[PDB]
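# Results of the structural survey
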Amino acid sequence: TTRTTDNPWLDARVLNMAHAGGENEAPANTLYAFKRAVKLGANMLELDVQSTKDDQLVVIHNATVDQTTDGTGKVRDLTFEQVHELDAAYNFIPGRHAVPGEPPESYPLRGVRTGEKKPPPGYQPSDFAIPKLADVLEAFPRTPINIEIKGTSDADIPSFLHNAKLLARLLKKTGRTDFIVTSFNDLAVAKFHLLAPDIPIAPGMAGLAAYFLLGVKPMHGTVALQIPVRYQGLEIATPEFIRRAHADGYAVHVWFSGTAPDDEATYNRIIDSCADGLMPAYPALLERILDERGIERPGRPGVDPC
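Quick notes on the rules
Residues numbered from 1 in each chain as written, not as in the entry; some residues may be left out. Heavy atoms only, no water. Disulfide = S-S within 2.5 Å. Helix = DSSP H or I, 4+ residues; strand = E, 2+ residues; numbered from the N terminus. Buried < 20%, exposed > 50% of the residue type's maximum accessible area, 1.4 Å probe, protein only. Contact = heavy atoms within 4.5 Å. Patch = residues over 30% accessible without salt bridge, like charges linked within 9 Å, V, L, I, M, F, W, Y side chains within 5 Å. Areas by Shrake-Rupley, 256 points an atom, 1.4 Å probe, with all protein chains shown as cover. Salt bridge = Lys/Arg side-chain N within 4 Å of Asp/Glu carboxyl O. UniProt positions renumbered as here; feature names shortened; annotations may be inferred. Polar contact = N/O pair within 3.5 Å; in protein donor to acceptor, adjacent residues only side chain to side chain. Axes fitted to C-alpha atoms, helices over the stretch in contact; angles between N-to-C directions. Parallel < 35°, antiparallel > 145°, perpendicular 65-115°, else oblique. Left-handed = near helix turned anticlockwise from the far one by under 90°. Nonpolar A, V, L, I, M, F, W, Y, C, P; charged D, E, K, R; others polar. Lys, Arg positive; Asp, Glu negative; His and termini not counted.

Per the deposition metadata, X-ray crystallography was the technique used to determine this entry, at a resolution of 2.57 Å.

## Digging into the state of the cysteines
Structurally, a disulfide amounts to a covalent bond that connects the sulfur atoms of two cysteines. Per the counting criterion, the structure on display carries 1 disulfide. The disulfide partner of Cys274 is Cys306, and the gap between their sulfur atoms is 2.1 Å. When the S-S torsion is 45°, as for the bridge of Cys274 with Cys306, the disulfide is right-handed. One end of the pair, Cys274, is in the loop between α8 (264-272) and β11 (277-279); the other, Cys306, is in the segment after α9 (283-293), and 32 residues separate them in sequence. When its relative accessible area of 17% is taken as the criterion, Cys274 is described as buried.

## Section: α8
Inspection of α8 places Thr266, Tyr267, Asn268, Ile270 and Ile271 among the buried residues, and these make up the whole buried set. Taken together, the buried residues of α8 touch β10 (251-255), β11 and α9. Following α8 by one or two positions, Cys274 has its phi on the positive side, about 70°.

## Re a nonpolar patch on the surface
A cluster of nonpolar side chains, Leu213, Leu214, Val216 and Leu234, forms an exposed patch at the surface whose accessible area comes to about 420 Å². Relative to the helices and strands, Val216 resides in the loop between α6 (205-212) and β7 (224-228). For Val216, a relative accessible area of 45% gives the class partly exposed.

## Points about the pattern of salt bridges
One pass over the structure, following the stated rule, counts 17 salt bridges. The residue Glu235 makes a salt bridge to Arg230 at a minimum N-O spacing of 2.7 Å. Across the pair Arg300 and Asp291 runs a salt bridge whose closest N-O atoms are separated by 3.8 Å. One salt-bridge network, held together by shared partners, links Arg13, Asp276, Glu296 and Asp304.

## Topic: unusual backbone geometry
In this chain, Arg13 is followed by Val14 through a cis amide linkage whose omega measures 0°. Position of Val14 relative to the elements: it lies in the segment before β1 (15-19). One non-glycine residue, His97, lies in positive phi territory at about 55°. One can find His97 in the loop between α2 (80-84) and α3 (133-139). One non-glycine residue, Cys274, adopts positive backbone phi at about 70°.

## Here we look at the UniProt feature "domain: GP-PDE" (unreviewed entry) in the chain
Under the UniProt annotation, "domain: GP-PDE" (unreviewed entry) lies at residues 14-290. Split by type, residues 14-290 is 30% helix and 16% strand. Its first and last C-alpha atoms lie 9 Å apart.

## Regarding the UniProt feature "binding site: Ca(2+)" (unreviewed entry) in the chain
In this structure's numbering, the residues bearing the UniProt feature "binding site: Ca(2+)" (unreviewed entry) are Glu46, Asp48 and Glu148. Spatial clustering of the annotated residues is evident: they stretch over 103 residues in sequence, but the largest pairwise C-alpha distance comes to 7.8 Å. Sequence-distant contacts of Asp48, defined by excluding residues within four places in its chain, comprise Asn29, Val58, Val59, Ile60, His61, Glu148 and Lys150. Of note is the side chain of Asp48, whose polar atom sits 3.2 Å from the side chain of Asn29. Structurally, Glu148 can be placed in strand β4 (residues 145-149).

## Some points on the packing of α8 against α9
One can describe the packing of α8 onto α9 by two numbers: an axis separation of 10 Å at closest approach and a directional angle of 55°. By the criterion of interaxial angle, the relationship of α8 to α9 is oblique. The handedness of the crossing between α8 and α9 is right-handed. For the pair formed by α8 and α9, the contact residues are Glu264, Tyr267, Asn268, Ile271 and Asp272 on the first element and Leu285, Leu286, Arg288, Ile289, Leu290 and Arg293 on the second. Each residue belonging to the contact of α8 with α9 can be placed in one class, and the counts come to 6 nonpolar, 1 polar and 4 charged.

## Considerations on the side chain of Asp87
Take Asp87: it is sitting in the loop between α2 and α3. Look at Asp87: it is buried, it has no salt bridge, and the nearest opposite charge is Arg110 at 5.5 Å. One polar contact links the side chain of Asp87 to the main-chain amide nitrogen of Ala89, over a distance of 3.1 Å.

## Concerning the environment of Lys35
Summarising the element assignment, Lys35 is placed in helix α1 (residues 31-39). Sequence separation between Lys35 and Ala139 is 104 residues; the distance between their C-alpha atoms is 8.7 Å. Every residue in contact with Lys35, bar those within four places of it in the chain, is listed here: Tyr123, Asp127 and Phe140.

What follows is the structure, encoded as structure tokens:
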């Protein structure tokens, strides 16, 4: 007889998924931000992945190291050793992610990695470098993680496929399943789910279009729909669409990234839209919002916003 439908991500709510660790409160995709964010209440991590010349998965958004560090070039051209020498808070400016080209005074944490400012109490210089996924994983053995597969180019599909492959090799050896693996490029999601079938996934952008416009259910294994607030002028994080997705048994995780402000007004509206998780640039601010309205959380029942 058919195995019954069991989606636990409908009871993992409401989630504070620190976006890159919280790119406006901390240096993006560093072990500092991740450690900082979990301590301040975040229930779950959200990061991006690329690969190095010697096929190591390193936690970083852009295909090049230029924006968030003092180096230059694509991460796929550097070895892991070369990537890790870099200061991955070189350009962090609070409230603005990373902006190269300002006076050296703008950057509060520039220098910690390379040993020229003392780190915040309780941290080491390596906590301000581009980490290895393996080093984030073993740093956070009981913390759920949302790994987004990245590429060298929007037009370079094999680079995504290369990374989906390396990801599935390493997440299979962990034995953990408290991950959600997604990508903008749908092939890499399909490639990853074929190599690592037990790992929860979320649709790429074609799989997201085909369900939001046409109603077509996403690929088997899909566990939740990780969507922006707005896209191409159109609103996507509405109560209407979220209710239909809970109707279809999917959890909903909304993100922001310049499709909408990272502020209290927006955070609260999306919380009322009954989404199951927010991916804020300000994990401390979202944690104040959730605490003062007293809103339900995993293992901590409370006010249901919808």
